[PDB]
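Counting neighbours? That spans all protein chains shown, and the Cβs are built from the backbone with ideal geometry, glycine included. Here, each number is a calculation from the coordinates, and none is a lab measurement.
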Amino acid sequence: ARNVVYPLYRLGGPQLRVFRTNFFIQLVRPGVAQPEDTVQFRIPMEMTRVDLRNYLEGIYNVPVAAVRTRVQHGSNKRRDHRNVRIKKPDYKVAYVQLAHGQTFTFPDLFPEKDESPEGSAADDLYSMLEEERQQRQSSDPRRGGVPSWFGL
Amino acid sequence: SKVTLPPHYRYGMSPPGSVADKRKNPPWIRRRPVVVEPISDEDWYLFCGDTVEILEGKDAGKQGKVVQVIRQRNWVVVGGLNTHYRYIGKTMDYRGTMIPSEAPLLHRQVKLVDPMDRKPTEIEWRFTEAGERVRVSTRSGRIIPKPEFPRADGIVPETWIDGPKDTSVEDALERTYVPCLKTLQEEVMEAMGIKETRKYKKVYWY
Amino acid sequence: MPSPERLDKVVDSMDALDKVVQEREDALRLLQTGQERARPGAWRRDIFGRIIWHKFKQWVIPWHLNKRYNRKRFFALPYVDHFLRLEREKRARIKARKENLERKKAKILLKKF
Amino acid sequence: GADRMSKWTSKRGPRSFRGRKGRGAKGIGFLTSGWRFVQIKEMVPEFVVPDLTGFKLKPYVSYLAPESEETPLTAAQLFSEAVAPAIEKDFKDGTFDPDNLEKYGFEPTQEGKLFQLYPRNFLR
Amino acid sequence: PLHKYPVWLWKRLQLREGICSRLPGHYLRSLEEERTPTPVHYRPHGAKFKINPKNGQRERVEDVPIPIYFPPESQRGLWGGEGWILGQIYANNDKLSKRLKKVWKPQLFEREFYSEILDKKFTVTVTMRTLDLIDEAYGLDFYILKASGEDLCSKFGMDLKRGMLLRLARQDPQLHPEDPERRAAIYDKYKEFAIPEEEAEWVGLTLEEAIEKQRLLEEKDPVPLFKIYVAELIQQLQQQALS
Amino acid sequence: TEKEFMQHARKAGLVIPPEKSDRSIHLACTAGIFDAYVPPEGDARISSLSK
Amino acid sequence: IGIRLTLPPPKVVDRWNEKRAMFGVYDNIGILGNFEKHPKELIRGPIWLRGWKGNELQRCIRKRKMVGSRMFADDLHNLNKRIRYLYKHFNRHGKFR
RNA sequence: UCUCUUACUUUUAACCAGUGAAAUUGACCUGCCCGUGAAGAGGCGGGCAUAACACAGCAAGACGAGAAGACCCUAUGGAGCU
RNA sequence: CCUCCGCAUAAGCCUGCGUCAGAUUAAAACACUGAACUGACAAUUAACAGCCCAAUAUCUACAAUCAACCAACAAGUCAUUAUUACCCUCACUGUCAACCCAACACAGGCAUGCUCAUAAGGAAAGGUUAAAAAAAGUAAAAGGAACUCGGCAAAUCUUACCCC
RNA sequence: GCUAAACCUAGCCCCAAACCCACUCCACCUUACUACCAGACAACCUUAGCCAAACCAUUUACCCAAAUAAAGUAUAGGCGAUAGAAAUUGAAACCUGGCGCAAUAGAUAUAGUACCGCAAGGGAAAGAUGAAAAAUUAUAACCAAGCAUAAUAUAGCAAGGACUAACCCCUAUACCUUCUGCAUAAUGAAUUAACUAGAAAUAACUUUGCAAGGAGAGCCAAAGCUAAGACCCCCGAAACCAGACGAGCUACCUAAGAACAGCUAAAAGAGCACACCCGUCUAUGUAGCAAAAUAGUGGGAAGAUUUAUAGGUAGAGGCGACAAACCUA
Ligand SMILES: [Mg+2]
Ligand SMILES: [Mg+2]
Ligand SMILES: [Mg+2]
Ligand SMILES: [Mg+2]
Ligand SMILES: [Mg+2]
Ligand SMILES: [Mg+2]
Ligand SMILES: [Mg+2]
Ligand SMILES: [Mg+2]
Ligand SMILES: [Mg+2]
Ligand SMILES: [Mg+2]
Ligand SMILES: [Mg+2]
Ligand SMILES: [Mg+2]
Ligand SMILES: [Mg+2]
Ligand SMILES: [Mg+2]
Ligand SMILES: [Mg+2]
Ligand SMILES: [Mg+2]
Ligand SMILES: [Mg+2]
Ligand SMILES: [Mg+2]
Ligand SMILES: [Mg+2]
Ligand SMILES: [Mg+2]
Ligand SMILES: [Mg+2]
Ligand SMILES: [Mg+2]
Ligand SMILES: [Mg+2]
Ligand SMILES: [Mg+2]
Ligand SMILES: [Mg+2]
Ligand SMILES: [Mg+2]
Ligand SMILES: [Mg+2]
Ligand SMILES: [Mg+2]
Ligand SMILES: [Mg+2]
Ligand SMILES: [Mg+2]
Ligand SMILES: [Mg+2]
């Protein structure tokens, strides 16, 4: 849990148990080539290695072997319209490696667009757009500038 | 999703989170505020969907259906009635498809219409003694109903199909709560069979 | 993103669940101990003369033999009454300016109509 | 001059300033003589997750479910729903006693049990 | 803008506002007494009208005090009605010379005193005027009980007065047993005194100390709602059953 | 001595009302014609009343 | 260039208002109301200049006397500064001495 | 170094392309000689001269430009030191 | 063709020439498209360095300089025991860059290790002509200080005297 | 016709009335925005000075109890500039306003942000269409300095007299200030737009009103009393005092570190000479690379040497191998 006060552990005291955790992680495709078991996440700043270990071994049952983290510095160079700096927020990314030789490759979520729904609210307007564009593009160079409307 | 607007922000016929609105009035801008009649939220009468009557403009007297209400400047747009013309698909080599686009009308210039005689009519918010509160015509003495309009969720309830990640109706309403003086923590800790035998020692708070 | 309303639906759903369970915990604490505000604290006044709600910090040794807690000063030390008066005068200036501008806006609205 | 406005983080000072600041992670041990970190397993959070095998409940609701008016839970409603049947029953039997209330769930002091409520021994 | 109240009434308004309002009334009266002290460093005029030379007309004359300053060593022990005099001095008692600043500190001694009421020997940093006042009052205890609060000018004298008045009001086993007739003799000797007990606790207390005392009186760890609600339930069910 | 130009605008209207809203444009016409009347080839030859 | 190009919106004034019609009513009351109130007691303004004309320095002296015990700190410092300067101006500088 | 300077290379410099300052500026349609004048004249008197316009050098003049002279004096103006 | 530079560490700054799109404008002292940019996206992963020691008494005279002679003065940079207590283990932060202080893309200032010219690292010339004046160099017939306040600059390598 | 001009409204000011605010979860006195360990140290202090006395040495209204009057009286005062009471009298409870401004004005404010300075602190500028921008249309043009459309024509404070014609003909020593005197080669000004400098008493004059009385208590009076009108500038010093901020440059010191190739080494606060520190002389540069540099030539370079890190000494002072040298250009 984050933004909660932790009960102080007197020596020989009970096990610190968190029940409804407050951590939300984002699996991210890497930006450089990574080996076949490296799985890069994106975690809040108040998370550690062993918290990510127990998080992935309790909820998703994913066998993790080693976990390494680093703190990413967000940029603080963008000037606003009144020359005050806009801070892009820092975050922490974590690279875990699977235990039993299992592999993972980042899927493709966008391919491949195949859809042609019945269109009233948008595609009827697009149909009128393309029909106007196909009808009225009958301009001619031999007329020289006279309007192509009059039957005369 | 939740952006705070500048304190003098003009409303501009578009959603405030659109891209054409950010093109019109960005954070860069400051201009004269349009002084508007303040109207309480109990005497506001017309809603989005009721038949109305334009009192003045290029076509006075015509009826129609309001399709959008803008409370922050007291605006309505009657559907395809008080229009002017603009081209949509616009390029440097071709632009046509001239479309009728509406113009906003103030609440002074728009009066309600009662269904029995189809005439412009003034309205009062006469409270009904049966508990509810509906509008009552002043001159004709007839109740004007609040018209049904498809809500902003975009979902019609009768044609709704439950997906895999939507729980059903008979499970969300089933009373499972047995209220007791235990906390959720020790309740689920005795539920899952977890046992702790050592105590929590004293801790000095200051 | 295909449908971004799902994210806000999940977020305020979980905030509703958090509010429900915190209502349950606060009802239990009120029935068993008769005290709200599960984080324990006290009204104190720090060096700058402001009145603050200091929350306790869950130590292990008592406060009279804490070397770090005995360096923080919860008192007034009377050269700050002048600056407290100046802060009060500035806040009164701001409130009077707001009410006078509201009077002016009402006058302009009644001028136009 | 220096950079006054942007906030003080771990990446700024000298070699002794780095590492002493941290980012706000709850520490889980102490340093001993040989510069070693010693981990204490009672100090690391143990995520207690329940089994979701036979669970029939989804993260969204159907729109066709009816709506309800909000009634926030208060201490009086919890008392009347939890304790008042039992106290009402053994007052009808005349064996209610105002001296001993602990059989109805009332605790005089919170020091005995594991999850004490006012100092909030439990985390979340 | 303007303040509604002047700046010198904010003390009394704070006294009426919050926890100071729930102080007992005699303590607030002893705060807002504001009497003048006895003259120490200046000779007061005889009458209120003083026929003067160079015109035989009677003029009204007041006696202005001296702004005397007490360092905290005067708060630790019994001084007189005196302290330091922060002032300025012309060089040879003529105004056509320089102006120099001069301090008159009193002469301090260390004398041991006895208290017949408290039965304890105190070592005090006393000055000569308190010795003269003790000789004029025939005893240390008579001097501390007789002289009002603005004349002691020390907090230790006020604590001595509070202890003496508590000992007088309680009729405590003061000296020891095996001589209660001596207790009765000393309690009879100081009998034109001894305010009742609940007013005797608040004599000579500064405002911060009385605020702490009143806060310690109403500490009152808040009651559980369980007892209140079972009281409500048993009262409602007795009202239904007796009907 | 730190100032630049303003007014970055564009001259191509687009399909902004379907980016999202709850107001659709009330048209008053259609795209073209439904099915073309093909005239007879000798209508000028049949320019009289009938044939 | 200073001049305005387009002429301004024409300012309409209602001479038969509530105020301008009833201007000066209950003035001149003490002559023909058998002297119960003085016409200086109709004046509604600051508490310190109510029926008192004064100079510029005299107004600030009267303002420090009647009101300055409940002013703001900045305004009290500015008033002390202004009275010091106006003393130094009126009694030392100037013509006609 | 000089009698007594000369040749060569580079930078600099002149022409073409691009970007593109600063001190200064009462207005100038802004010549010479003699005399005059607040005592040293392009602007006054008498003579002389005189189609207009750039480009590259020179520093005799514009009592040339940057510093309300640092030398001298005054102030019932300051300050250091003995 | 140049290298009197460069690679790292420390200090300092905080994303500040990686990819895509805009390059119509906007900074390039000129444009290409990119060190004087606009928006979006991704990186820096510890073993390298910080983050440290349970107490009570007690112990600690023979420098360093290859430490072996010799030889010193300014007299020196490093160590424990006895008793009690002590059985869990690898958490957190930094890791990018053409960069820091001088109003700047400033011939200025910047601590240590490494090869003392190189395996690193860079380009004095936007194009034409060979004007005057100016600056930096090369060479010069005969004389060799005759110039100048003064052998000031340059070239050779240079004696003796006086004052302080 | 380019640069350009113009907008009203955000707001703000002065009063009246009324006493005003401060924990959603977490963090915040250690290097604040840091979850977690044993010396507990702690506040109570005449303001001073500029200025006036034409200097200055006592002296010079600022002090926090409502008005008017007594009264500028008794009094104090290098009896002088000036300071200045008291006894006594009484002081009609309620109304949400402006002969206040409108982007160089009004609070500095769109803002205590950008930016400058280590630090205390200083501290700005600005927007303009529209009923509909989900109307990009064609209009709305017309006006300052600066330019283009459209360079010059012998001669002369730029003009006047004129003439058939602009020049050609006759006359004419720019403005303000300070000066006995300025065209003076004395000062100030490139131009345009906005902003930017006479505030008041006793006593007099005029006009009303009343009259031995005048005046809405107090005061004046041998034609006086009440009321009104009219009349007294701006910017600029070196300085003084009080409280804060600074030893990241430099002066000195403290804690623990680092560096000094090669040769001759006489043993050496030794010699030549690298790196390094300093800057004797010359030349370039002077709005420069640089608010102190570059190139050549130089002194020291195993010691009184140089230097990185942290800390300490602060202005009535610190420090100083005394240069009255340094203490953020
Ligand atoms: Mg001459
Ligand atoms: Mg001239
Ligand atoms: Mg000159
Ligand atoms: Mg001068
Ligand atoms: Mg003189
Ligand atoms: Mg003098
Ligand atoms: Mg002087
Ligand atoms: Mg001095
Ligand atoms: Mg690296
Ligand atoms: Mg510089
Ligand atoms: Mg190379
Ligand atoms: Mg080059
Ligand atoms: Mg060239
Ligand atoms: Mg020769
Ligand atoms: Mg010679
Ligand atoms: Mg030489
Ligand atoms: Mg003087
Ligand atoms: Mg402004
Ligand atoms: Mg013009
Ligand atoms: Mg002529
Ligand atoms: Mg003349
Ligand atoms: Mg003039
Ligand atoms: Mg003269
Ligand atoms: Mg001149
Ligand atoms: Mg002059
Ligand atoms: Mg000039
Ligand atoms: Mg230092
Ligand atoms: Mg040597
Ligand atoms: Mg010399
Ligand atoms: Mg040497
Ligand atoms: Mg000397």
Between 0 and 90°, nearest 10: helix A:123-135 axis offset from chain A longest Cα axis: 40
Inter-site label distance for E:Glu32 and E:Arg215 at 7 Å from Cα along Cβ, in nm: 2.3
Neighbour-count ranking [beta-carbon atoms within 10 angstrom, fewest first] of D:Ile28, F:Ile16, C:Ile94: C:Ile94, F:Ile16, D:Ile28
Ranking of B:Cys48, F:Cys29, G:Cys60 by count of other Cβ atoms within 10 Å, fewest first: F:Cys29, B:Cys48, G:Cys60
Positive-end residue of E:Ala185, E:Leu233, E:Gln14, charge dipole of chain E with Cβ unit charges: E:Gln14
Cβ neighbours within 10 Å from other chains - mean over D:12-24: 1
Protection-proxy order for peptides E:108-115, B:192-199, A:142-149, A:17-24, each taking the mean of Cβ atoms within 10 Å per residue, highest first: A:17-24, E:108-115, B:192-199, A:142-149
Relative contact order of chain E, pairs being alpha-carbon contacts under 8 Å that are 6 or more residues apart, as %: 15
Highest-MSF residue in chain B out of B:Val52, B:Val188, B:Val67 [GNM, Cα springs under 10 Å]: B:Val188
Label-point separation in nm, B:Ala60 to B:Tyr85, each point 7 Å along Cα→Cβ: 2.5
MRE, 222 nm, helices only [DSSP H, n ≥ 4, -39500 (n - 2.57), over chain C, to nearest 500]: -19000 deg cm²/dmol
Where labels lie 7 Å past Cα in the beta-carbon direction, separation of G:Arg50 and D:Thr74 in nm: 4.9
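Using a Förster distance of 25 Å, how high is the FRET efficiency between B:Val178 and D:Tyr60, based on the Cβ-Cβ distance and rounded to 0.05?
For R0 = 25 Å, the calculated efficiency reads 0.45.
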0 to 90° range, to nearest 10: angle between helix A:49-58 axis and chain A longest Cα axis: 80
Spin-label zone in the range A:1-25 - amide nitrogen under 17 Å from a point set 7 Å from the Cα of A:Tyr91 along the C-beta vector: A:23-25
Candidate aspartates and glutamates for bridging to B:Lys119, where Cα separation is under 19 Å - those fewer than 8 sequence places away on the same chain excluded: B:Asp50, B:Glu53, B:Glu56, B:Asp59
Modelled FRET efficiency - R0 30 Å, A:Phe24 with B:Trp205, Cβ distances, 0.05 increments: 0.45
Residue among F:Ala36, F:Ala28, F:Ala12 with the largest mean-square fluctuation in a Gaussian network model of chain F, springs linking Cα atoms under 10 Å: F:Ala12
Of C:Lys9/D:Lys26; D:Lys26/E:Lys220; B:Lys199/C:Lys57; B:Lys201/D:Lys41; E:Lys54/E:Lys95, pairs whose Cα-Cα distance is over 26 Å: C:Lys9/D:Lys26; D:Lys26/E:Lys220
For chain E, built as a Gaussian network whose Cα springs stay under 10 Å, the top-fluctuating residue of E:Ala147, E:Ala210, E:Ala47: E:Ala47
Computed log₁₀ I(q)/I(0) - Debye formula, equal Cα scatterers, no solvent, chain E, q 0.08 Å⁻¹: -0.54
Too-long pairs where the Cα-Cα distance tops 23 Å, listed order kept, from G:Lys40/G:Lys95; C:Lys19/D:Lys103; A:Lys88/F:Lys11; C:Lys55/E:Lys155; B:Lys65/C:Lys112; E:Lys161/E:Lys189: G:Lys40/G:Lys95; C:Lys19/D:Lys103; A:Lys88/F:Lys11; C:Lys55/E:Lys155; B:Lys65/C:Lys112
Under 24 Å from the Cα of G:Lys88 - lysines, other chains or at least 8 residues apart: G:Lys53, G:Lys63, G:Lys65
Relative packing of A:98-106, C:65-73, which averages over residues the other C-beta atoms within 10 Å, highest first: A:98-106, C:65-73
Distance histogram for the range C:1-52 (every C-alpha pair counted, 5 angstrom bins, percent rounded to whole numbers): 5, 15, 12, 12, 11, 11, 12, 10, 6, 4, 1
Inter-chain shielding of D:76-88 (mean C-beta neighbours from other protein chains, 10 Å cut-off): 5
Residue-averaged beta-carbon neighbours from other chains (10 angstrom radius) around B:28-40: 1
Contour excess over end-to-end distance, with Cα ends at E:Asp132 and E:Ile66 and 0.36 nm allotted per residue: 21.6 nm
